[PDB]
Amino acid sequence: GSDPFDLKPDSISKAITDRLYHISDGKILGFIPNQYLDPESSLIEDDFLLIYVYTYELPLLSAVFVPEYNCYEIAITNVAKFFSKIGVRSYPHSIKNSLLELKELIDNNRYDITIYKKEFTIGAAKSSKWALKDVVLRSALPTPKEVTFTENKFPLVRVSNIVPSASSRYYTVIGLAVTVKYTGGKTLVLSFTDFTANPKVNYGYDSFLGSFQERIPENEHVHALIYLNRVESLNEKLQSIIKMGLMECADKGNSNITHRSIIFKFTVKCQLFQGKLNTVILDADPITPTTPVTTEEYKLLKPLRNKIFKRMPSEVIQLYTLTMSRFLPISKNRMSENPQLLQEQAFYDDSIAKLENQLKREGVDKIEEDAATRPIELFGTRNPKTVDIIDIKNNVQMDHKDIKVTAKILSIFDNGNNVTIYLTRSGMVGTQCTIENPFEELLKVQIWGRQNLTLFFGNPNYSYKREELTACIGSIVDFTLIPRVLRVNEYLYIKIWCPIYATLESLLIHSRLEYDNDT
């Protein structure tokens, strides 16, 4: 029987059926579909979400990666479950937001990924691709020093352990925001609660949770003020979560905003003044199940969320589930039809970062000159070499020159914003076949961009007869290919191959002529 091998992007011909293999400490570079390639809400179909994963043993050419050489292309077979496990929260309610969430996770985290060989059909051919079995977070952002330093002089505290004096004391409180009020004065009221009581705290104005029937006691409702010059920064941080400002939260005819379950890490200055506990919000950071937190912060955040959910009147939870989901990990459960609180939190704990820091420095414009969407011109290079499929796979670097290859067409696919063509060696019988080594025997070739697809179909409308699209299946064609590039993250690309002078028409008529010659 077989012998050990090192897992590698090109090693799928060696993978055992139903064996699980492990990518340790992988960087997910990017994925497809994404905002650059599929603008609009292209519905993410199972098996058609693809991620690209680098491991740090693999070579680094540039910001253009090459699947099957220095990154894995990995099919996601159950998008719902992949999103749920990795920490994406908006699917299916919002494709756009889901992908944006996935971007934030992969840009900041490293993952242990379990993959396996999965059969897929190429017309009447079959081959193998990498599929994702599981994903476990391996490493996360380290605690920023600004957090470590600021909480050293603003220690974490429950409201009940705030001990005020004549002189200012500084603290960090994790709280539910309760009210926003402005009387046009010098400060803005953003009051908050812990459900934790303090004898110097006293604020009963609009002191309720969700509805008037669930009170917040006055010695739990911390009156707190923001200096006017600091409101706009807080406003813009919340706006990054709920796409609207602080004032706009108090929309129900009073100052209470608990129907939105907005949670902040408050950075506060406390001082007794004139008989009262005066609390000043010097900073506030929205805290979300996706916002990373230290373990110590979570000790306070977790019971906070538990009390909000348990004490919130049921009917308000029902009316505002989606709204509160911004901050509360609420889920819809099934046999019972009851919202439930999940335990879900992101925690704090170079090579690729510095490559895209270079690209952020220099032009995306240079690489964008090889975007697959850019109209494909004809005469870039003279005396193009004729080459095998294995040679093409090994080309690897953007030599920027045209290539010729003679290949059998296994299938052709209209994917809407691209045409995909699958090629194998010309010298095999029929198209019913199983390709055990896709790395050496299977080349996929694509056409992207309005101008290129218009030339391919002969129509600005992508109009075609379907039997003319697939007539070239089984024909052997002399292709000319150019390397082009597909954007998979803001500063990360993958390399692909695009055909030149290839039209539905030429492929169609060639196919008929070739049949007639053989017959």
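When you see a residue number, it is the position in the sequence shown, counting from 1.
**Student:** Classify the number of deposited-sequence residues missing from the model between residue 349 and residue 350: none, 1 to 3, 4 to 9, or 10 or more.
**Tutor:** In the deposited sequence, 10 or more residues between these two have no coordinates.
**Student:** Which has the higher mean CA temperature factor in the PDB entry, 132-140 or 306-314?
**Tutor:** Higher mean C-alpha B-factor: 132-140.
**Student:** Averaged over C-alpha atoms, is the B-factor higher for 323-331 or for 162-170 in this PDB entry?
**Tutor:** Higher mean C-alpha B-factor in the PDB entry: 162-170.
**Student:** Quick one: which of 289, 155, 380, 175 shows the highest Cα temperature factor in the PDB entry?
**Tutor:** Checking the PDB record, the top C-alpha B-factor among 289, 155, 380, 175 is at 380.
**Student:** Sorting 193, 431, 446, 255 by Cα temperature factor from the record, which one lands on top?
**Tutor:** The listed residue with the largest C-alpha B-factor is 431.
**Student:** Divide the modelled residues of the chain into thirds by Cα B-factor and specify which third, lowest, middle or highest, holds residue 259.
**Tutor:** It falls in the bottom third of the chain.
**Student:** Taking only the Cα B-factors deposited for this chain, tell me whether residue 18 sits in the lowest, middle or highest third.
**Tutor:** Ranked within chain, residue 18 CA B lands in the lowest tercile.
**Student:** Lowest, middle or highest third of the chain for the C-alpha temperature factor of residue 72?
**Tutor:** Its C-alpha B-factor, which the entry lists for residue 72, ranks in the lowest third among residues of this chain.
**Student:** Going by what the PDB entry lists, where does residue 415 fall on CA B-factor within its chain: lowest, middle or highest third?
**Tutor:** Middle third by C-alpha B-factor.
**Student:** Please place residue 219 in the lowest, middle or highest third of its chain according to the CA B-factor in the PDB entry.
**Tutor:** For residue 219, whose C-alpha B-factor we compare with every modelled residue in the chain, the answer is the lowest third.
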